[PDB]
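Written out below as C-alpha cells is the structure these notes cover.
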Amino acid sequence: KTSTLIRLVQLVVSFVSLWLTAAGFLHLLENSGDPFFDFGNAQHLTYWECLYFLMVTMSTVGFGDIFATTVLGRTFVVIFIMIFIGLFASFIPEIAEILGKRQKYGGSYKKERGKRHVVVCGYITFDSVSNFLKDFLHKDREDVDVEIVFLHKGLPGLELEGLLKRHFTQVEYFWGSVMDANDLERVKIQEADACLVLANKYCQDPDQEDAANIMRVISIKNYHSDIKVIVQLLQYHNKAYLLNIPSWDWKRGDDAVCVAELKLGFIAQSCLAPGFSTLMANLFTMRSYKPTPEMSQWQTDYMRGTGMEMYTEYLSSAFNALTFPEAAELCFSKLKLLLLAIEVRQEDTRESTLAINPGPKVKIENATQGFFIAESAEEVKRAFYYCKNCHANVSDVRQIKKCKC
Amino acid sequence: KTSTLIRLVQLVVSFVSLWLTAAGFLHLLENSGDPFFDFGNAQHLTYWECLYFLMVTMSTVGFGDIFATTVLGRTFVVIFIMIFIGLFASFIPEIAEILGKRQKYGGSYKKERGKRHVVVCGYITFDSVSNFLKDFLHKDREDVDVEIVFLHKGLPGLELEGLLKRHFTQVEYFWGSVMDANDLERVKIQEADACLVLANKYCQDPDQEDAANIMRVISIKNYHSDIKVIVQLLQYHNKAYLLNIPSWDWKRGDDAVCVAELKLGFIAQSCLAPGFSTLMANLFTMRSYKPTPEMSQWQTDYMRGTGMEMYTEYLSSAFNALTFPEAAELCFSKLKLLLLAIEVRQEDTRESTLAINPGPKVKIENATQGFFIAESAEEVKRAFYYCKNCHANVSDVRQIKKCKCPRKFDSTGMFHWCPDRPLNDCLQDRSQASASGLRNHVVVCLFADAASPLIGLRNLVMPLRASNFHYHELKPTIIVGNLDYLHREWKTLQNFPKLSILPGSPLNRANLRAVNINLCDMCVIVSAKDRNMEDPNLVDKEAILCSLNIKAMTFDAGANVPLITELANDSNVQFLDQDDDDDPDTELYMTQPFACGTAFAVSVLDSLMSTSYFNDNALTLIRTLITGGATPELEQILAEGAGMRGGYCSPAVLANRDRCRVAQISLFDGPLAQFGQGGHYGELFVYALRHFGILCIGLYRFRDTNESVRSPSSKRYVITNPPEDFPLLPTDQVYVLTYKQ
Ligand SMILES: [Ba+2]
Ligand SMILES: [Ba+2]
Ligand SMILES: [Ba+2]
C-alpha cells in the first residue's frame, strides 16, 4: 500500500535472490571441483553450509569454518566480494533515506470509552503550548481523565518533544492538519469533547492568521457539526466571521478567545483600577497555594489569593426568592463564599445573561446558577447544600453538607 | 566521454593497480623468507593464493585460509592495513558523490512505429499535471495508444514520482529543457504528434511566465516547424505573440489555451446563465458514468449528464441540402443526438467557422462537419450512416448502421463600447452605490492586493458586453475590491459600458449592503492574491470566507444570493456547502457545489489541454460558446496596442450582431410552460427548435423538489442533455442556445 514499502520489499527481495543464487553457484562449483585439476579438489560441502559461509562472508565476518578450497571457488568468492561491495556502495543511500522516510508521528489515536480527550491544533509551538499545558495539566486539578491530542503539521521542537515525553501519559502528538477529514478521523474528533485552536499571537499579518484559524474552524465544523470549538483569535473584527459558520452555535459551547481584545481589556481594567489585570489573571488560572517558610508575610498572603479560583454552582433551595445582596452577604458571612454574579435571564426567554453584582431589584429564582470565588470545588459545593433550617446556625461550614430536605 | 566517468575509471584503475602490486610484494616477501631468521620461514605460497588472501583482508573478512607466517610478511600486512584504511577514509566521499551524480532521468526516448506520443513540458508539477493526467489517461477513452513524454528541468516530486510510476506503461519522464535541440531530439519531437506546454497559473508575474512559454514555443517551432503545439497562457494580451512565430499556423492545429480568458469566460457565461460553468466543464472533460445504488436520484441524473461529451462527425448524405433546425431536430427525434454547431464557411473561401445554432437560412452542405453531444463516439457514429430510405422509419437506433447506398460598438461589431474615461468617471462610494438602484446586476468580489498579479477582469466583463445583448439587456457589472488593482485594470476595463467600481474589501458587509447583493443576478468571487505558496488547504481562505459571509447575511434572502466562488485548490470545494454530506475523497465533480454551479476550479482548464489535443475543434467551439465570439480580428486589433476601439459601426459589420447566445428559460411561465406540467424533455426540445430556433442544451433542476419540505433551498444542479423521455418539473429551467434574443 506504500511506494516506499514497495521499494524496500523490492530491494530486500533482490538481495535475498542474489544471496540464494550465489549460494547455489558456489555450492555447485565447490562440490564439482576444478577442470584445471580435472575436478580432483572437490569437497563434500552441503548447500546449507555454503549458504552459511556466504552470509558469513557477506557480513565481513569470515569465521573460517567453511571456506573455498577449489581455486575457481576462491576466484568466485573474490568476484562476489567485489560485486557485493559495489552493490552496497551503490544501494546504501536509498536504504538510508527509506529508513529515514518513516514518519515517527503518524497513526491514528485510540482511546478507551469514558476517557475524554481534547484536540489541540493551530500553532502548536513550545512557547504557545507551554502555558496552556501548565494550566490544563496543572497538578491540583479535579483531574477528570482528559488527554490533549495535538494535531500539527511539522515536527515538534526539542523542548516541545520534552513536553510531549514528560506528559506522555496524557499528552500525545500526531502529524497532520485540521483540513483533512482523514486526519480528523485519526484523532477521533467524532467522539472528542472539544477542539481547541491555538494561534500565533506574534504573526506579521494578524488578519491572515485569523482567517487561517477560521478556516480550521470551518473544517472542524464540516467534519463534525456539533463539537465544541474554542478558537484563539488575534483581532476583534475577525470575531464575526465565526458567526457565518452555520454549525457555530455560541449557546452550545463554541467560544472565541480574542488575544487583542482580552489583553487590552485586562490592561484597560487595570487602568480603571490598578492591579486589576493580575487579579483576573489569577482568578481564571490554575495556581497552587503551597506556602513555605521562606516566603514573607506579603508573599504568602498573595499566594493564598492566587490559588483561589472561580466556580459555578446552583444556588440551593434556601436562596430562592431572595435578593442578590442578601444572598451574597449570606454566602460570605454564613457560608464563607464570594458570590460574584448570577445567570438571571432564565426567567422570561433565554439563559446566559450574567448579571454581575445586580441591584436589589433582581431576585434569586429557583435553581439559578451563581459564580463563586473559592479555593476549590468542595468549598463551593456548600452553596448547593445550604438549607433554611438544618444549616440555620451551623458554624464550622465543614458541617454544612447534604441536608435531609 | 564523461569527466565523471574518467574520474571513476581512474580511481578503479588505481585501486586495482595497488591491489596487484601489493599482492606481488606480499608474494615475494612470503615466498622468500625473513633475513632476520635467514629466510628459514619461507612457505610455498602461490601468487594467486596471495591475491586471494589480500582481497580477503581488504574486505575486512579475514578467512584465515591463507595468512602471513613470515614476521616481515605480517608487518607488511599490517602496513597495508593502515594504507588501505587511510586510502578509503580519504577516497570514499568522492566515490559516493560520483555515484550520486548519476542522473536517473537522462537518456533518449525510444518508441515503436505506430505508437503516437505527446511531449509535455513547461510547468510539470504534481498539481498542474494531475488534472491533465486524469483527463488524458482517463479510463473509458477510445484509447488509441499514446504516451505522454514529459520534459522538465528539475526532479519530480514524490507524488509526481508516484504518478510517473502508476502510469509507467504510458507516462515517461526525461530531464532536460525545451530550449535544447538535443533534448527535443531525445523525446523525438521530429516524429511526435503534438507538444503541449503547461504553465504556472499562480506565478507572481504572469507576463514573464507567458513570455517564457512563448519562448518554449519558439524553440519547438525552430526545431520542428510543422508540429502541433498546444500552449497554456496566463494573459489574453500575450496570445498575440504566438502569431509572430512564422511556424505558428492556427489552421494546422496550433492553439493557445488562455487560463485567464477561459476561466473568466466560464464565470461570465455562468453569470448569464447560472450553472453554465459546470455544464461546459463537464461537456469538454472525460467523465465516467458509473451509477451506484448509494447515489440518490438527483445525483445519478447528474452523473449521467457529466459522462456525456462533445464529438465531431460528418453529416451523412441524408442531411445534405437541409436547413439546420430540421437537421438538428431530426438528429434528436430520430437519431437521438444533440447537434450543437456546424462548420459552414467551407462554401465560399475557407473552413473553420463554427456556426452555433444558426438560423434557418444556413443549409447543410455536402460532407459538412457537425458537433454533437453524446455519450461516446459509437453513438455519434449514427450521424454518419443515416440515410433517406434505409433508415426512414428504423426505430431502435442500434440498427441504424452502415446503409447499403446610437449604440457605439467595438470595431469588430462583437461587443458594446464606450469612449475611454478616467477611473473616477465610474468610481463610486457606498452612498453613490446605494443611490444607484442596481438590480439583476453582476457583483464581482475581487480579493486583490495593490501589487497582486493581474488577472484580466476584461475577460470577465467582455463576455458580459456582447453585441447580441440589447443595451437595456446589459447586466451592470460592479466590482468590489482593492482600488490600486482596479487602477491597474482600468486601462483595459474602461471601454465597457455600464461598468462601476466600489473600492474597499468585499468582505466588508457595508459594501455588499451598498451594491445590492440580495438583488444581484450573480456574485462572482475571484481571488487575485498570490497563493499556493502557503498550505494548499489555506489557499482559498478568503474566497470561502466571503462565500460564507454572503450566505450568512440577512436583508429586508441571505442564502438565495446566487454566487459563483472560483477555487484555486479544488479540494477546498467541500467547505463551500455543509448539507452536502459528501466524502472528502470525492473528485471535483459529483460534489454538490460543483454539480450545482456554485463552485468552479481552475484545474478544469488543465483538462482542456487534453481535449484540445484529442478534438481539434473543441477549443474553437468553447471560445465561440463562451467569449461572445472573440473573432481573431479582434485580438489582432488588441495586438496593435491601441486597445479596444471602435465607434458607430456600419450595419455591414452589424450583420453578425444577432448571433447565437446561451441563456436560461423558465418553464414556470411563458409559451413553454405547458411542458413543465408533467411534459417530457424531447417534446420541449422539438417544439422550441421548431417554433423559436431554440436549442435546449440541458436542464437546471432543483436538487430536491422545491416544496419547502423536501428542500427549502433554491439549490439547483445541472443535467447535460437529458434523455428524450425525461420528465419536466414545472420549476425546472432550461439552458438554451437562443438566437436573435
Ligand atoms: Ba486551588
Ligand atoms: Ba462517456
Ligand atoms: Ba461539506
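The chains in the C-alpha cells are called A, B, ... from first to last as shown; in each chain the residues are counted from 1, and the ligands are counted from 1 in the order shown.
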Within 12 Å of segment 8-10 of chain A, counting only C-alpha atoms, which residues show up once you throw out same-chain ones fewer than 6 positions away? Write them as number ranges by chain, please.
-> A: 1-2, 16-17, 91-92, 94-99, 101-102
Take the residues that were just selected and, keeping N, CA, C and O atoms, output them as a CSV table (one decimal), in the first residue's frame.
chain,number,residue,atom,x,y,z
A,1,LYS,N,0.8,-1.2,0.0
A,1,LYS,CA,0.0,0.0,0.0
A,1,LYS,C,0.8,1.3,0.0
A,1,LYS,O,0.3,2.4,0.0
A,2,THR,N,2.2,1.2,0.0
A,2,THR,CA,3.0,2.3,0.0
A,2,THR,C,4.2,2.2,-1.0
A,2,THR,O,4.8,1.1,-1.1
A,16,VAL,N,17.9,-11.0,-1.3
A,16,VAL,CA,17.8,-12.4,-0.9
A,16,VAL,C,17.9,-13.3,-2.1
A,16,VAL,O,18.5,-14.4,-2.1
A,17,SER,N,17.4,-12.9,-3.3
A,17,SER,CA,17.5,-13.7,-4.5
A,17,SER,C,19.0,-13.8,-5.0
A,17,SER,O,19.4,-14.9,-5.3
A,91,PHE,N,23.8,1.1,-3.2
A,91,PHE,CA,22.5,1.0,-2.7
A,91,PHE,C,22.2,1.4,-1.3
A,91,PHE,O,21.1,1.4,-0.8
A,92,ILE,N,23.3,1.7,-0.5
A,92,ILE,CA,23.1,2.1,0.9
A,92,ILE,C,22.3,3.5,1.0
A,92,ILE,O,21.4,3.5,1.8
A,94,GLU,N,19.9,5.0,-0.7
A,94,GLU,CA,18.5,4.9,-0.8
A,94,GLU,C,17.9,4.1,0.3
A,94,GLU,O,16.8,4.4,0.8
A,95,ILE,N,18.6,3.0,0.8
A,95,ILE,CA,18.1,2.3,2.0
A,95,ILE,C,18.0,3.3,3.2
A,95,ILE,O,17.1,3.3,4.0
A,96,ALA,N,19.1,4.1,3.4
A,96,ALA,CA,19.1,5.0,4.5
A,96,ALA,C,18.0,6.0,4.4
A,96,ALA,O,17.3,6.3,5.4
A,97,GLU,N,17.7,6.6,3.2
A,97,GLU,CA,16.6,7.6,3.1
A,97,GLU,C,15.3,6.9,3.2
A,97,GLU,O,14.3,7.6,3.7
A,98,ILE,N,15.1,5.7,2.8
A,98,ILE,CA,13.9,4.9,3.0
A,98,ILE,C,13.6,4.7,4.5
A,98,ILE,O,12.5,4.9,5.0
A,99,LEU,N,14.7,4.4,5.2
A,99,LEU,CA,14.5,4.2,6.7
A,99,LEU,C,14.2,5.6,7.4
A,99,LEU,O,13.4,5.6,8.3
A,101,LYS,N,12.6,8.0,5.9
A,101,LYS,CA,11.3,8.4,5.5
A,101,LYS,C,10.2,8.0,6.4
A,101,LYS,O,9.0,8.5,6.3
A,102,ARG,N,10.4,7.1,7.3
A,102,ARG,CA,9.4,6.6,8.3
A,102,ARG,C,9.0,7.7,9.2
A,102,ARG,O,9.8,8.1,10.1
Would you list the contacts of residue 564 of chain B as number ranges by chain, taking every protein, DNA or RNA residue within 6 Å and counting only C-alpha atoms, but skipping same-chain residues closer than 6 positions in sequence?
-> B: 524, 598-599
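Neighbouring residues of ligand 3 at a cut-off of 6 Å, counting only C-alpha atoms and all ligand atoms, are residues 222 of chain A; 574, 575, 577, 578, 580 and 581 of chain B.
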Which residue of B:550, B:133, B:479, B:256 approaches chain A most closely, using only C-alpha atoms | B:550
Which of A:12, A:149, A:211, A:83 sits closest to chain B [using only C-alpha atoms] = A:211
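In this structure, the chain A residues at most 8 Å away from chain B are residues 3, 57, 60, 61, 62, 63, 64, 67, 74, 75, 78, 81, 89, 90, 179, 180, 181, 211, 212, 215, 218, 219, 222, 241, 244, 245 and 246 of chain A, with only C-alpha atoms considered.
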Pick out the residues no farther than 9 Å from ligand 2, counting only C-alpha atoms and all ligand atoms, and list them as a CSV table (one decimal) with C-alpha atoms, in the first residue's frame.
chain,number,residue,atom,x,y,z
B,140,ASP,CA,-13.1,4.9,-20.6
B,141,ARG,CA,-11.3,6.6,-23.5
B,286,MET,CA,-13.7,12.9,-19.8
B,287,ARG,CA,-16.0,11.8,-17.0
B,288,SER,CA,-17.2,8.3,-16.1
B,289,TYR,CA,-20.9,7.3,-15.8
B,306,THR,CA,-21.5,14.6,-16.7
B,307,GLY,CA,-20.4,11.4,-18.6
B,308,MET,CA,-21.7,13.0,-21.9
B,309,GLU,CA,-19.1,14.6,-24.1
B,374,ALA,CA,-23.4,12.2,-27.0
B,375,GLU,CA,-22.3,9.6,-24.5
B,376,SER,CA,-19.4,8.2,-26.7
B,377,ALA,CA,-18.2,8.0,-30.3
Spatial neighbours of residue 356 of chain B, 7 Å, only C-alpha atoms, chain gap at least 5 places, as number ranges by chain | B: 340-342, 660
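Going from atom CA of residue 662 of chain B to atom CA of residue 283 of chain B covers 14.6 Å.
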From A:328, A:56, A:364, A:308, residue lying nearest ligand 1 [only C-alpha atoms and all ligand atoms] | A:308
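Those protein and nucleic acid residues that have any atom within 10 Å of ligand 1 are, using only C-alpha atoms and all ligand atoms, residues 139, 140, 141, 142, 283, 285, 286, 287, 288, 289, 290, 304, 305, 306, 307, 308, 309, 310, 374, 375, 376 and 377 of chain A.
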Limited to C-alpha atoms, could you put the picked residues into a file as a compact mmCIF listing (two decimals), in the first residue's frame?
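Writing the result to out-v9.txt gives the following:
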# COMPACT_ATOMS: atom_id res chain seq x y z
CA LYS A 139 -1.28 19.46 39.42
CA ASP A 140 -4.09 20.25 41.89
CA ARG A 141 -6.94 19.93 39.39
CA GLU A 142 -10.15 17.98 39.77
CA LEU A 283 -8.87 34.34 39.23
CA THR A 285 -5.94 30.36 36.04
CA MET A 286 -4.95 27.25 37.98
CA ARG A 287 -2.44 28.25 40.65
CA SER A 288 -1.10 26.24 43.58
CA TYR A 289 -1.21 27.51 47.17
CA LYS A 290 1.86 25.86 48.72
CA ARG A 304 -3.11 32.41 49.25
CA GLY A 305 -5.16 34.64 46.95
CA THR A 306 -3.60 33.45 43.70
CA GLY A 307 -4.65 29.88 44.47
CA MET A 308 -8.30 30.94 44.61
CA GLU A 309 -10.41 30.36 41.51
CA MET A 310 -13.90 30.93 40.09
CA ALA A 374 -13.37 29.89 46.28
CA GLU A 375 -10.27 27.80 46.89
CA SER A 376 -11.66 24.67 45.22
CA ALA A 377 -14.87 22.93 44.19
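Residues in contact with residue 153 of chain A at 9 Å, where only C-alpha atoms are counted and same-chain residues fewer than 6 positions away are skipped, are listed as residues 122, 124, 174, 175, 176 and 177 of chain A.
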Shortest interatomic distance to residue 254 of chain B - which of B:521, B:473, B:226, B:34, counting only C-alpha atoms | B:226
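The interatomic distance for the pair atom CA of residue 364 of chain B and atom CA of residue 321 of chain B works out to 5.2 Å.
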Selection: 9 Å around residue 465 of chain B, only C-alpha atoms, excl. self and same-chain fewer than 4 positions, as a ChimeraX atom specification | /B:414-417,461,469,471,474-475,496-497,628
Quick one: DSSP alpha helix (DSSP H) residues in segment 90-189 of chain B, as a PyMOL selection string?
-> chain B and resi 90-100+126-136+158-166+181-186
Got a sec: who's within 8 Å of residue 344 of chain A, counting only C-alpha atoms, leaving out chain neighbours fewer than 3 positions off, as a PyMOL selection string?
-> chain A and resi 347+351-355+362+364-365+368
Can you write just those residues out, C-alpha atoms, as a PDB file, in the first residue's frame?
ATOM      1  CA  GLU A 347     -36.907  33.969  33.812  1.00  0.00           C
ATOM      2  CA  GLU A 351     -30.477  31.803  29.716  1.00  0.00           C
ATOM      3  CA  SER A 352     -26.861  33.054  29.651  1.00  0.00           C
ATOM      4  CA  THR A 353     -27.148  36.686  30.763  1.00  0.00           C
ATOM      5  CA  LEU A 354     -24.726  37.021  33.662  1.00  0.00           C
ATOM      6  CA  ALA A 355     -25.913  39.773  35.975  1.00  0.00           C
ATOM      7  CA  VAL A 362     -33.022  41.208  40.866  1.00  0.00           C
ATOM      8  CA  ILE A 364     -32.781  34.737  43.075  1.00  0.00           C
ATOM      9  CA  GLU A 365     -35.098  32.399  41.186  1.00  0.00           C
ATOM     10  CA  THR A 368     -30.309  29.684  39.290  1.00  0.00           C
TER      11      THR A 368
END
Excluding residue 299 of chain B and residues on its chain fewer than 3 positions from it, collect all residues at most 10 Å away from it, counting only C-alpha atoms, and give them as a PyMOL selection string.
-> chain B and resi 291-292+294-296+302-305+590-592+595+703+717+719
Using only C-alpha atoms, which of A:316, A:280, A:392, A:322 sits nearest residue 369 of chain A?
-> A:316
